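As a starting point, one isolated chain is supplied in structure tokens, in the form deposited in one PDB entry.
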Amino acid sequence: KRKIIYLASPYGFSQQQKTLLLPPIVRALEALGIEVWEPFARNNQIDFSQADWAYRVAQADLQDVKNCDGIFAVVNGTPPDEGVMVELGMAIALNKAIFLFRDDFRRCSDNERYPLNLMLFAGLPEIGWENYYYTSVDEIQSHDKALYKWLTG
């Protein structure tokens, strides 16, 4: 009954980023009563002596995306992370809730409407997509943006 957010990000690949950037985002989401599924913690911390470990991580992330209610995708970087992008496309196709996070002020784009490749916004409305687009950790709990509105009906 508690809504589940899959927190897709590249922050687990860097020690500093994993330790310092992910917990404030997890906490902002948990403070809204969300059950946060963070895949590096949930799925990558495995026995890497097993020949099949990478396949198993992929399948676990896949199943989590299928079972979540929404994705909160950290799309920082030039370009955004290729694994996050796969998960985002999965979420779009599965009609999950979609929320994007980018506090990187660079633009990496093929168009004038969006700060990123237009296909990242294919699951968002033509008008008002900005309401689903978070540019700071402090913005996540805003009652005037889409994540909070989704939680309150």
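For clarity, a rigid core is taken as the largest C-alpha set superposing within 1.5 Å between two forms. Residue indices: 1-based, along the sequence shown. Residues that one form lacks are left out of the comparison.
Compared with other deposited structures of the same protein, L88 does not meet the criterion of being unmodelled in at least one third, since all of those that resolve residues on both sides include it.
Missing-residue comparison: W37 falls in the unmodelled set for none of the other PDB entries checked, so it is not missing from a third of them. Mean CA B-factor, 83 to 91 versus 53 to 61: the higher value falls on 53 to 61.
Higher mean CA B-factor, judged across 34 to 42 and 97 to 105 from the recorded values: 34 to 42. Ranking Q141, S9, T135, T19 by Cα temperature factor from the entry places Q141 first.
Split the chain's modelled residues into thirds by C-alpha temperature factor. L29 is in the lowest one. The PDB entry assigns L116 a C-alpha temperature factor belonging to the lowest third of its chain's modelled residues.
There is another form of the same protein, the form deposited in another entry; it is not shown, and what comes next is about it.
No residue of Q45, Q63, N95, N111 other than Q45 has its CA displaced by 2 Å or more between this form and the one not shown when the core is superposed. Taking the core as fixed, the only part between this form and the one not shown where three or more residues in a row have CA shifts of 2 Å or more is 44 to 52.
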